[PDB]
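Enquirer: The file below is final-v4.tsv, TSV, N, CA, C and O atoms:
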chain	number	residue	atom	x	y	z
L	2	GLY	N	98.06	71.05	102.86
L	2	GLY	CA	98.71	72.03	103.78
L	2	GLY	C	100.23	71.95	103.73
L	2	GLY	O	100.89	72.92	103.37
L	3	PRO	N	100.84	70.82	104.14
L	3	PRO	CA	102.29	70.67	104.10
L	3	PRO	C	102.91	70.89	102.71
L	3	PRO	O	103.97	71.49	102.62
L	4	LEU	N	102.26	70.41	101.66
L	4	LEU	CA	102.79	70.57	100.28
L	4	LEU	C	102.69	72.04	99.87
L	4	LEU	O	103.68	72.58	99.33
L	5	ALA	N	101.56	72.70	100.13
L	5	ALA	CA	101.43	74.16	99.88
L	5	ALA	C	102.54	74.90	100.62
L	5	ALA	O	103.13	75.85	100.05
L	6	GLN	N	102.80	74.52	101.87
L	6	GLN	CA	103.83	75.20	102.70
L	6	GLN	C	105.19	75.01	102.03
L	6	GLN	O	105.97	75.98	101.96
L	7	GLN	N	105.49	73.80	101.55
L	7	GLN	CA	106.79	73.55	100.89
L	7	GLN	C	106.90	74.40	99.62
L	7	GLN	O	108.00	74.94	99.37
L	8	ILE	N	105.82	74.54	98.85
L	8	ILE	CA	105.85	75.39	97.63
L	8	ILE	C	106.10	76.85	98.03
L	8	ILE	O	106.96	77.52	97.43
L	9	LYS	N	105.38	77.33	99.03
L	9	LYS	CA	105.53	78.73	99.52
L	9	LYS	C	106.97	78.94	99.98
L	9	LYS	O	107.57	79.97	99.64
L	10	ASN	N	107.52	77.98	100.71
L	10	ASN	CA	108.92	78.08	101.19
L	10	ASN	C	109.86	78.17	99.98
L	10	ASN	O	110.82	78.97	100.03
L	11	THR	N	109.63	77.36	98.95
L	11	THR	CA	110.46	77.35	97.72
L	11	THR	C	110.39	78.72	97.05
L	11	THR	O	111.42	79.23	96.61
L	12	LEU	N	109.21	79.34	96.97
L	12	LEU	CA	109.07	80.69	96.39
L	12	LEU	C	109.91	81.67	97.22
L	12	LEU	O	110.60	82.49	96.62
L	13	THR	N	109.87	81.57	98.55
L	13	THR	CA	110.67	82.43	99.45
L	13	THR	C	112.16	82.22	99.14
L	13	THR	O	112.90	83.22	99.06
L	14	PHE	N	112.60	80.98	99.03
L	14	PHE	CA	114.04	80.68	98.79
L	14	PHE	C	114.44	81.23	97.42
L	14	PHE	O	115.53	81.80	97.32
L	15	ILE	N	113.56	81.14	96.43
L	15	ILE	CA	113.88	81.71	95.09
L	15	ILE	C	114.09	83.22	95.25
L	15	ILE	O	115.04	83.76	94.66
L	16	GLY	N	113.22	83.89	96.00
L	16	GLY	CA	113.34	85.34	96.25
L	16	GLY	C	114.66	85.68	96.91
L	16	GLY	O	115.34	86.63	96.49
L	17	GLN	N	115.01	84.91	97.92
L	17	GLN	CA	116.27	85.13	98.68
L	17	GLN	C	117.48	84.88	97.78
L	17	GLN	O	118.43	85.70	97.81
L	18	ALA	N	117.48	83.79	97.02
L	18	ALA	CA	118.59	83.45	96.10
L	18	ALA	C	118.72	84.57	95.06
L	18	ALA	O	119.83	85.02	94.79
L	19	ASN	N	117.61	85.03	94.50
L	19	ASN	CA	117.58	86.14	93.50
L	19	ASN	C	118.21	87.38	94.14
L	19	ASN	O	119.09	88.01	93.51
L	20	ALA	N	117.79	87.73	95.36
L	20	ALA	CA	118.25	88.95	96.07
L	20	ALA	C	119.75	88.84	96.36
L	20	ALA	O	120.40	89.91	96.43
L	21	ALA	N	120.29	87.62	96.47
L	21	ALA	CA	121.72	87.34	96.75
L	21	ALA	C	122.54	87.24	95.45
L	21	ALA	O	123.77	87.04	95.54
L	22	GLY	N	121.90	87.37	94.29
L	22	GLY	CA	122.56	87.22	92.97
L	22	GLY	C	122.99	85.80	92.72
L	22	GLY	O	124.02	85.59	92.05
L	23	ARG	N	122.26	84.83	93.26
L	23	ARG	CA	122.60	83.39	93.16
L	23	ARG	C	121.64	82.73	92.16
L	23	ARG	O	120.74	81.99	92.58
L	24	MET	N	121.82	83.00	90.87
L	24	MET	CA	120.93	82.46	89.81
L	24	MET	C	121.23	80.98	89.56
L	24	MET	O	120.32	80.28	89.07
L	25	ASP	N	122.42	80.50	89.91
L	25	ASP	CA	122.73	79.04	89.88
L	25	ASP	C	121.76	78.32	90.83
L	25	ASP	O	121.27	77.25	90.47
L	26	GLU	N	121.44	78.91	91.98
L	26	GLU	CA	120.50	78.26	92.93
L	26	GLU	C	119.06	78.44	92.45
L	26	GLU	O	118.27	77.52	92.63
L	27	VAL	N	118.72	79.60	91.88
L	27	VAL	CA	117.37	79.80	91.31
L	27	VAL	C	117.08	78.69	90.28
L	27	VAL	O	115.96	78.17	90.27
L	28	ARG	N	118.05	78.33	89.43
L	28	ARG	CA	117.90	77.26	88.42
L	28	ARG	C	117.44	75.96	89.11
L	28	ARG	O	116.48	75.34	88.66
L	29	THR	N	118.13	75.56	90.17
L	29	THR	CA	117.90	74.30	90.90
L	29	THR	C	116.55	74.38	91.61
L	29	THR	O	115.80	73.39	91.59
L	30	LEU	N	116.28	75.51	92.26
L	30	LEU	CA	115.01	75.70	93.01
L	30	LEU	C	113.82	75.61	92.04
L	30	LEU	O	112.82	74.95	92.39
L	31	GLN	N	113.92	76.23	90.86
L	31	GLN	CA	112.85	76.18	89.83
L	31	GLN	C	112.63	74.72	89.42
L	31	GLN	O	111.48	74.25	89.37
L	32	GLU	N	113.71	73.99	89.15
L	32	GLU	CA	113.60	72.56	88.77
L	32	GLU	C	112.91	71.75	89.87
L	32	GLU	O	112.09	70.89	89.53
L	33	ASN	N	113.21	72.00	91.15
L	33	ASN	CA	112.63	71.21	92.26
L	33	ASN	C	111.21	71.71	92.57
L	33	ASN	O	110.42	70.92	93.12
L	34	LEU	N	110.88	72.94	92.18
L	34	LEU	CA	109.52	73.51	92.36
L	34	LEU	C	108.53	72.79	91.43
L	34	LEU	O	107.39	72.52	91.85
L	35	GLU	N	108.97	72.45	90.21
L	35	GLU	CA	108.05	71.94	89.16
L	35	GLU	C	107.35	70.68	89.65
L	35	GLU	O	106.13	70.61	89.52
L	36	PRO	N	108.03	69.64	90.18
L	36	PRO	CA	107.33	68.44	90.63
L	36	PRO	C	106.45	68.65	91.87
L	36	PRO	O	105.47	67.93	92.04
L	37	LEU	N	106.77	69.64	92.70
L	37	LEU	CA	105.91	69.98	93.86
L	37	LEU	C	104.60	70.55	93.35
L	37	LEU	O	103.52	70.13	93.81
L	38	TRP	N	104.68	71.54	92.47
L	38	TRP	CA	103.48	72.14	91.87
L	38	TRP	C	102.70	71.04	91.12
L	38	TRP	O	101.47	71.01	91.22
L	39	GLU	N	103.39	70.20	90.36
L	39	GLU	CA	102.70	69.14	89.59
L	39	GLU	C	101.83	68.31	90.53
L	39	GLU	O	100.65	68.04	90.23
L	40	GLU	N	102.43	67.86	91.64
L	40	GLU	CA	101.74	67.00	92.64
L	40	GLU	C	100.55	67.77	93.22
L	40	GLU	O	99.46	67.22	93.32
L	41	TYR	N	100.77	69.00	93.62
L	41	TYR	CA	99.72	69.88	94.19
L	41	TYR	C	98.58	70.03	93.18
L	41	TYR	O	97.39	69.84	93.52
L	42	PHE	N	98.92	70.35	91.95
L	42	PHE	CA	97.94	70.57	90.85
L	42	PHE	C	97.12	69.30	90.64
L	42	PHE	O	95.89	69.36	90.59
L	43	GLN	N	97.77	68.16	90.50
L	43	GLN	CA	97.05	66.91	90.16
L	43	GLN	C	96.15	66.51	91.32
L	43	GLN	O	95.08	65.96	91.05
L	44	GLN	N	96.53	66.80	92.57
L	44	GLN	CA	95.76	66.36	93.76
L	44	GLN	C	94.60	67.31	94.08
L	44	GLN	O	93.57	66.80	94.56
L	45	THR	N	94.74	68.62	93.87
L	45	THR	CA	93.78	69.63	94.41
L	45	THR	C	93.09	70.42	93.29
L	45	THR	O	92.09	71.09	93.61
L	46	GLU	N	93.60	70.37	92.06
L	46	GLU	CA	93.05	71.20	90.96
L	46	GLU	C	92.63	70.29	89.81
L	46	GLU	O	91.41	70.07	89.67
L	47	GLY	N	93.57	69.80	89.01
L	47	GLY	CA	93.29	68.86	87.91
L	47	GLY	C	92.48	69.51	86.80
L	47	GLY	O	92.41	70.75	86.70
L	48	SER	N	91.85	68.67	85.99
L	48	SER	CA	91.08	69.06	84.79
L	48	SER	C	89.96	70.04	85.16
L	48	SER	O	89.65	70.93	84.34
L	49	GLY	N	89.39	69.91	86.36
L	49	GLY	CA	88.34	70.81	86.85
L	49	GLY	C	88.86	72.00	87.63
L	49	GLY	O	88.05	72.70	88.26
L	50	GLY	N	90.19	72.17	87.63
L	50	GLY	CA	90.86	73.21	88.42
L	50	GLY	C	90.56	74.63	87.99
L	50	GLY	O	90.08	74.86	86.85
L	51	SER	N	90.92	75.59	88.85
L	51	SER	CA	90.71	77.03	88.57
L	51	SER	C	91.54	77.45	87.35
L	51	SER	O	92.64	76.90	87.12
L	52	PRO	N	91.08	78.45	86.57
L	52	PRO	CA	91.85	78.94	85.42
L	52	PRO	C	93.30	79.30	85.77
L	52	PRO	O	94.18	78.98	85.00
L	53	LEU	N	93.52	79.96	86.92
L	53	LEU	CA	94.90	80.32	87.36
L	53	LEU	C	95.74	79.04	87.53
L	53	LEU	O	96.89	79.04	87.06
L	54	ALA	N	95.20	78.02	88.19
L	54	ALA	CA	95.95	76.75	88.38
L	54	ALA	C	96.31	76.15	87.02
L	54	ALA	O	97.44	75.66	86.87
L	55	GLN	N	95.37	76.18	86.07
L	55	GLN	CA	95.61	75.61	84.72
L	55	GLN	C	96.69	76.43	84.00
L	55	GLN	O	97.51	75.83	83.29
L	56	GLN	N	96.68	77.75	84.18
L	56	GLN	CA	97.66	78.66	83.54
L	56	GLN	C	99.06	78.37	84.12
L	56	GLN	O	100.02	78.35	83.35
L	57	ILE	N	99.15	78.18	85.43
L	57	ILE	CA	100.46	77.87	86.07
L	57	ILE	C	100.94	76.51	85.56
L	57	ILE	O	102.09	76.41	85.13
L	58	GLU	N	100.05	75.51	85.59
L	58	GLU	CA	100.39	74.13	85.16
L	58	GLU	C	100.91	74.13	83.71
L	58	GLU	O	101.99	73.56	83.47
L	59	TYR	N	100.17	74.74	82.79
L	59	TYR	CA	100.61	74.73	81.37
L	59	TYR	C	101.89	75.56	81.22
L	59	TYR	O	102.72	75.24	80.36
L	60	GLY	N	102.00	76.64	81.99
L	60	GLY	CA	103.24	77.43	82.01
L	60	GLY	C	104.44	76.57	82.36
L	60	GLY	O	105.50	76.69	81.71
L	61	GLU	N	104.29	75.69	83.35
L	61	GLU	CA	105.38	74.76	83.74
L	61	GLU	C	105.65	73.78	82.58
L	61	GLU	O	106.81	73.42	82.36
L	62	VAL	N	104.63	73.31	81.88
L	62	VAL	CA	104.83	72.43	80.70
L	62	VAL	C	105.66	73.18	79.65
L	62	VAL	O	106.60	72.60	79.12
L	63	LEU	N	105.32	74.43	79.36
L	63	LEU	CA	106.06	75.23	78.36
L	63	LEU	C	107.51	75.43	78.82
L	63	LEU	O	108.41	75.37	77.97
L	64	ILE	N	107.73	75.64	80.11
L	64	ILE	CA	109.10	75.76	80.69
L	64	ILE	C	109.86	74.46	80.42
L	64	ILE	O	111.01	74.51	79.95
L	65	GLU	N	109.24	73.33	80.72
L	65	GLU	CA	109.91	72.01	80.58
L	65	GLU	C	110.21	71.73	79.10
L	65	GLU	O	111.27	71.16	78.79
L	66	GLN	N	109.31	72.10	78.20
L	66	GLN	CA	109.56	71.92	76.75
L	66	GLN	C	110.74	72.80	76.32
L	66	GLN	O	111.59	72.33	75.55
L	67	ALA	N	110.77	74.05	76.77
L	67	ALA	CA	111.90	74.96	76.47
L	67	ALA	C	113.20	74.36	77.03
L	67	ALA	O	114.22	74.37	76.33
L	68	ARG	N	113.17	73.82	78.24
L	68	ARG	CA	114.38	73.22	78.85
L	68	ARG	C	114.83	72.04	78.00
L	68	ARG	O	116.06	71.92	77.77
L	69	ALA	N	113.91	71.16	77.57
L	69	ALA	CA	114.28	69.97	76.77
L	69	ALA	C	114.96	70.39	75.47
L	69	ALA	O	115.81	69.64	74.97
L	70	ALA	N	114.57	71.55	74.91
L	70	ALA	CA	115.11	72.10	73.65
L	70	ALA	C	116.39	72.92	73.91
L	70	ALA	O	117.00	73.35	72.93
L	71	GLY	N	116.78	73.11	75.17
L	71	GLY	CA	117.98	73.90	75.53
L	71	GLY	C	117.73	75.40	75.48
L	71	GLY	O	118.72	76.14	75.59
L	72	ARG	N	116.49	75.87	75.32
L	72	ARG	CA	116.20	77.33	75.20
L	72	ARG	C	116.10	77.92	76.61
L	72	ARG	O	115.00	78.28	77.06
L	73	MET	N	117.24	78.04	77.28
L	73	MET	CA	117.23	78.39	78.71
L	73	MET	C	116.88	79.86	78.92
L	73	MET	O	116.42	80.20	80.02
L	74	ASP	N	117.09	80.70	77.91
L	74	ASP	CA	116.62	82.11	77.93
L	74	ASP	C	115.08	82.12	78.01
L	74	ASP	O	114.53	82.89	78.81
L	75	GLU	N	114.42	81.26	77.24
L	75	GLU	CA	112.94	81.11	77.28
L	75	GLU	C	112.54	80.53	78.64
L	75	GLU	O	111.56	80.99	79.21
L	76	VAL	N	113.27	79.54	79.14
L	76	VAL	CA	112.99	78.99	80.50
L	76	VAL	C	112.96	80.15	81.48
L	76	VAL	O	112.06	80.23	82.31
L	77	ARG	N	113.97	81.02	81.44
L	77	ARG	CA	114.05	82.12	82.42
L	77	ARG	C	112.84	83.05	82.26
L	77	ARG	O	112.25	83.39	83.29
L	78	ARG	N	112.53	83.48	81.04
L	78	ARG	CA	111.39	84.41	80.78
L	78	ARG	C	110.09	83.78	81.29
L	78	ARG	O	109.31	84.45	82.00
L	79	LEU	N	109.85	82.52	80.94
L	79	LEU	CA	108.57	81.85	81.29
L	79	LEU	C	108.54	81.63	82.80
L	79	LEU	O	107.46	81.79	83.38
L	80	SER	N	109.67	81.23	83.39
L	80	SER	CA	109.79	81.02	84.86
L	80	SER	C	109.39	82.31	85.59
L	80	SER	O	108.66	82.22	86.58
L	81	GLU	N	109.88	83.46	85.14
L	81	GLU	CA	109.57	84.76	85.81
L	81	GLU	C	108.05	84.98	85.80
L	81	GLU	O	107.49	85.38	86.83
L	82	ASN	N	107.40	84.70	84.67
L	82	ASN	CA	105.94	84.90	84.51
L	82	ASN	C	105.18	83.90	85.39
L	82	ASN	O	104.24	84.30	86.11
L	83	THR	N	105.55	82.63	85.31
L	83	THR	CA	104.84	81.56	86.05
L	83	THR	C	105.06	81.74	87.55
L	83	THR	O	104.11	81.52	88.32
L	84	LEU	N	106.26	82.16	87.99
L	84	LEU	CA	106.50	82.45	89.43
L	84	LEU	C	105.56	83.56	89.91
L	84	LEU	O	105.04	83.44	91.04
L	85	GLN	N	105.34	84.59	89.10
L	85	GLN	CA	104.41	85.68	89.50
L	85	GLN	C	103.00	85.10	89.69
L	85	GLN	O	102.34	85.41	90.70
L	86	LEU	N	102.57	84.22	88.79
L	86	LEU	CA	101.24	83.58	88.90
L	86	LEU	C	101.18	82.71	90.16
L	86	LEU	O	100.16	82.71	90.87
L	87	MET	N	102.26	81.99	90.46
L	87	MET	CA	102.29	81.13	91.67
L	87	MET	C	102.24	81.98	92.93
L	87	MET	O	101.61	81.57	93.91
L	88	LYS	N	102.89	83.14	92.91
L	88	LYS	CA	102.85	84.06	94.07
L	88	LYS	C	101.41	84.56	94.26
L	88	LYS	O	101.00	84.70	95.42
L	89	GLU	N	100.67	84.79	93.18
L	89	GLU	CA	99.23	85.17	93.27
L	89	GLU	C	98.44	83.99	93.86
L	89	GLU	O	97.68	84.19	94.83
L	90	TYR	N	98.66	82.78	93.36
L	90	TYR	CA	97.89	81.58	93.77
L	90	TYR	C	98.11	81.32	95.27
L	90	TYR	O	97.15	81.02	95.99
L	91	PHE	N	99.36	81.42	95.72
L	91	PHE	CA	99.75	81.08	97.12
L	91	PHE	C	99.76	82.32	98.02
L	91	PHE	O	100.07	82.16	99.22
L	92	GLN	N	99.44	83.50	97.50
L	92	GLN	CA	99.44	84.78	98.27
L	92	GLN	C	100.79	84.92	98.98
L	92	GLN	O	100.84	85.19	100.18
L	93	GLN	N	101.86	84.75	98.22
L	93	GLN	CA	103.24	84.80	98.77
L	93	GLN	C	103.90	86.13	98.38
L	93	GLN	O	103.97	86.46	97.20
Is it possible to express this structure as structure tokens?
Expert:
Amino acid sequence: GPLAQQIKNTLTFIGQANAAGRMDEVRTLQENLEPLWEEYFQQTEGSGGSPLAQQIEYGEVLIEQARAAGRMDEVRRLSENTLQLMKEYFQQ
């Protein structure tokens, strides 16, 4: 419950930062969202998790691999897609 609420709040803050033209904050919010989702995924979904949860989880892995390679344009594209899936998962 509390962890889901923190993820939902983070999605709201990303929306607000985006609407304010504050993409420097969207970068930070996306980075802090990843470990919250990771914890949520490993505790409530995991290997037996729903296909949507697995798609979001692997999407975050692809984002992190793109970030490690410096492909921040790919981070942004993948982040936009994975955020839409998270909004479906959390009904946000």
Enquirer: Of the residues L:40, L:26, L:46, L:32, which is the one nearest to residue L:90, using only C-alpha atoms?
Expert: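 With only C-alpha atoms as the atom set, the closest residue is L:46.
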Enquirer: Go through stretch 21-85 of chain L and collect every residue that DSSP, computed from the backbone, puts in alpha helix (DSSP H); the answer should be as JSON, numbers by chain.
Expert: {"L": [24, 25, 26, 27, 28, 29, 30, 31, 32, 33, 34, 35, 36, 37, 38, 39, 40, 41, 42, 43, 44, 45, 52, 53, 54, 55, 56, 57, 58, 59, 60, 61, 62, 63, 64, 65, 66, 67, 68, 69, 73, 74, 75, 76, 77, 78, 79, 80, 81, 82, 83, 84, 85]}
Enquirer: Env of residue L:79: 8 Å cut, atoms = only N, CA, C and O atoms, seq-sep filter 4 positions within chain, self excluded. Answer as an mmCIF file with N, CA, C and O atoms, in the frame of the given file.
Expert:
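Wrote it out as result24.cif, contents follow:
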data_model
loop_
_atom_site.group_PDB
_atom_site.id
_atom_site.type_symbol
_atom_site.label_atom_id
_atom_site.label_comp_id
_atom_site.auth_asym_id
_atom_site.auth_seq_id
_atom_site.Cartn_x
_atom_site.Cartn_y
_atom_site.Cartn_z
ATOM 1 N N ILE L 57 99.150 78.180 85.430
ATOM 2 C CA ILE L 57 100.460 77.870 86.070
ATOM 3 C C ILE L 57 100.940 76.510 85.560
ATOM 4 O O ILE L 57 102.090 76.410 85.130
ATOM 5 N N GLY L 60 102.000 76.640 81.990
ATOM 6 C CA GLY L 60 103.240 77.430 82.010
ATOM 7 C C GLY L 60 104.440 76.570 82.360
ATOM 8 O O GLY L 60 105.500 76.690 81.710
ATOM 9 N N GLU L 61 104.290 75.690 83.350
ATOM 10 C CA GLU L 61 105.380 74.760 83.740
ATOM 11 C C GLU L 61 105.650 73.780 82.580
ATOM 12 O O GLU L 61 106.810 73.420 82.360
ATOM 13 N N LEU L 63 105.320 74.430 79.360
ATOM 14 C CA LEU L 63 106.060 75.230 78.360
ATOM 15 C C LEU L 63 107.510 75.430 78.820
ATOM 16 O O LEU L 63 108.410 75.370 77.970
ATOM 17 N N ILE L 64 107.730 75.640 80.110
ATOM 18 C CA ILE L 64 109.100 75.760 80.690
ATOM 19 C C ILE L 64 109.860 74.460 80.420
ATOM 20 O O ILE L 64 111.010 74.510 79.950
ATOM 21 N N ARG L 72 116.490 75.870 75.320
ATOM 22 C CA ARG L 72 116.200 77.330 75.200
ATOM 23 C C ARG L 72 116.100 77.920 76.610
ATOM 24 O O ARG L 72 115.000 78.280 77.060
ATOM 25 N N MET L 73 117.240 78.040 77.280
ATOM 26 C CA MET L 73 117.230 78.390 78.710
ATOM 27 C C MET L 73 116.880 79.860 78.920
ATOM 28 O O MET L 73 116.420 80.200 80.020
ATOM 29 N N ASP L 74 117.090 80.700 77.910
ATOM 30 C CA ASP L 74 116.620 82.110 77.930
ATOM 31 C C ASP L 74 115.080 82.120 78.010
ATOM 32 O O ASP L 74 114.530 82.890 78.810
ATOM 33 N N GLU L 75 114.420 81.260 77.240
ATOM 34 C CA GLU L 75 112.940 81.110 77.280
ATOM 35 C C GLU L 75 112.540 80.530 78.640
ATOM 36 O O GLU L 75 111.560 80.990 79.210
ATOM 37 N N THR L 83 105.550 82.630 85.310
ATOM 38 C CA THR L 83 104.840 81.560 86.050
ATOM 39 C C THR L 83 105.060 81.740 87.550
ATOM 40 O O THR L 83 104.110 81.520 88.320
ATOM 41 N N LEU L 84 106.260 82.160 87.990
ATOM 42 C CA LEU L 84 106.500 82.450 89.430
ATOM 43 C C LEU L 84 105.560 83.560 89.910
ATOM 44 O O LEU L 84 105.040 83.440 91.040
ATOM 45 N N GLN L 85 105.340 84.590 89.100
ATOM 46 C CA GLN L 85 104.410 85.680 89.500
ATOM 47 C C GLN L 85 103.000 85.100 89.690
ATOM 48 O O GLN L 85 102.340 85.410 90.700
ATOM 49 N N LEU L 86 102.570 84.220 88.790
ATOM 50 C CA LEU L 86 101.240 83.580 88.900
ATOM 51 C C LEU L 86 101.180 82.710 90.160
ATOM 52 O O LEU L 86 100.160 82.710 90.870
#
Enquirer: Determine the nearest neighbour of residue L:11 from the options L:56, L:44, L:33, L:92, counting only C-alpha atoms.
Expert: L:33
Enquirer: Considering only C-alpha atoms, state which residue in the set L:77, L:62, L:68, L:7 is at the smallest distance from residue L:34.
Expert: L:7
Enquirer: Quick one: of L:16, L:2, L:22, L:50, who's nearest to residue L:93, counting only C-alpha atoms?
Expert: L:16
Enquirer: Would you compute the distance between atom N of residue L:25 and atom CA of residue L:71? Give it in Å to one decimal.
Expert: 16.4 Å
Enquirer: Measure the distance from atom N of residue L:37 to atom O of residue L:70 in Å and round it to one decimal.
Expert: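 Straight-line distance from atom N of residue L:37 to atom O of residue L:70 works out to 22.6 Å.
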Enquirer: Please put the answer as JSON: centre and edge lengths, in Å with one decimal, of a box along x, y and z that encloses all listed atoms of stretch 40-57 of chain L plus 3 Å on each side.
Expert:
{"center_x": 95.2, "center_y": 73.1, "center_z": 88.9, "size_x": 20.4, "size_y": 20.4, "size_z": 17.3}
Enquirer: If you measure from atom CA of residue L:45 to atom CA of residue L:15, what distance in Å do you get, rounded to one decimal?
Expert: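 Distance reported for this atom pair: 23.5 Å.
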